[PDB]
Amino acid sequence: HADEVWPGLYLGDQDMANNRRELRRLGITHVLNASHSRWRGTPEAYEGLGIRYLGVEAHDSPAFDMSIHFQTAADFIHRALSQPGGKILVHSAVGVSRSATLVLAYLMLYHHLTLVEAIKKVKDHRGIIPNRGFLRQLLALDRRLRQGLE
C-alpha cells in the first residue's frame, strides 16, 4: 500500500518500494527511503527504472534524532514534486513514524502548514479500506440502513 497525501506525494510501505510493476504504474520518479541501511546499498532495480533515490539512515526509536534529516529530506521531496510529472514515494521498512515524520516536516517547511494542519492533511488522505470490494459492501450496508433496516 501507498496513499497520496499531497499531489504527487505518496506515503506507502516497504512492499510497495519493492513492487517494480507498481512503482512503474503510479509512475514514481523518486523514492525516499527513511530506513536506509548503510550496508544494503541503493536498490538495483531503481537504476533500471529511472528512479532517483535518497536514503536516510533512521532508526525508529525515541532516542534517534530524525531532526537532522528534516531539511535534506524536505529539499529532496521538493525537488521531486517540482519536476514536470514528478512523483515521489516516501516509506521505510516498518511503522509509519519514519516516513510520516519526513512528510510532515516537508509540509511545514515548503507549504507553510503548522504541525496541526499538516497532521490533519496527511490523516485525511490516509486510506483505511483499499479493498474496493469491501468498500462496495460497506456502501451497500450504508444504503440499506438509511432506507431504514435495523
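For every residue, the number given is its place in the sequence shown, counted from 1.
Colleague: Can you tell me whether 37 to 45 has a higher mean C-alpha B factor than 108 to 116 in this record, or the other way round?
Modeller: It is 37 to 45.
Colleague: Quick one: say whether 23 to 31 or 121 to 129 has the higher mean Cα B-factor in the deposited entry.
Modeller: Stretch with the higher mean C-alpha B-factor: 23 to 31.
Colleague: According to the deposited entry, which of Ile88, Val96, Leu102, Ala93 has the largest Cα B-factor?
Modeller: If I rank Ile88, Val96, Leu102, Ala93 by C-alpha B-factor, first place goes to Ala93.
Colleague: Going by the entry, which third of its chain does the Cα temperature factor of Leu135 land in?
Modeller: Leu135: CA B-factor falls in the lowest third of its chain.
Colleague: What third of the chain does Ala58 rank in for C-alpha temperature factor, lowest, middle or highest?
Modeller: Highest third.
Colleague: Quick check for you: using the entry's CA B-factors within this chain, is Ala17 in the lowest, middle or highest third?
Modeller: Ranked within chain, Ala17 CA B lands in the highest tercile.
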